[PDB]
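Peer 1:
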Amino acid sequence: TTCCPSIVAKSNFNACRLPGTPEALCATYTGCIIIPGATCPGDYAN
Numbered sequence: 001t002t003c004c005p006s007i008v009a010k011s012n013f014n015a016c017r018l019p020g021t022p023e024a025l026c027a028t029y030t031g032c033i034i035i036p037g038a039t040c041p042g043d044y045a046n
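So for the sequence shown, the authors' numbering puts the first residue at 1; every next one is plus one.
1. Less than 8 angstroms between C-beta atoms, sequence neighbours within five positions excluded: which residues of the same chain meet that for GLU23?
2. So, for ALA9: in the same chain, excluding its five sequence neighbours on each side, which residues have a beta-carbon less than 8 angstroms away from its beta-carbon?
3. If you run the structure through DSSP and keep just helix, strand and coil, what is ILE7?
4. By Cβ distance, which residues of its chain are closer than 7 angstroms to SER6, with the 5 residues on each side in sequence left out?
Next up, the structure:
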């Protein structure tokens, strides 16, 4: 599950992922974090 600082960061993450780019790379590009649980904490953008 990808949990992002903001909707802008998550939009950038999703754009990175669209052509297949590995999740960890898109995470570092955006500031989004990856957690195994189904639910992001607090008010992070899923």
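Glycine is no exception: its CB is placed at the ideal position from the N, C-alpha and C atoms.
Peer 2: Reading from the atomic positions:
1. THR2, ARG17, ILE34
2. So the qualifying residues of the chain are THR30, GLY31, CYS32, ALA45.
3. helix
4. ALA45
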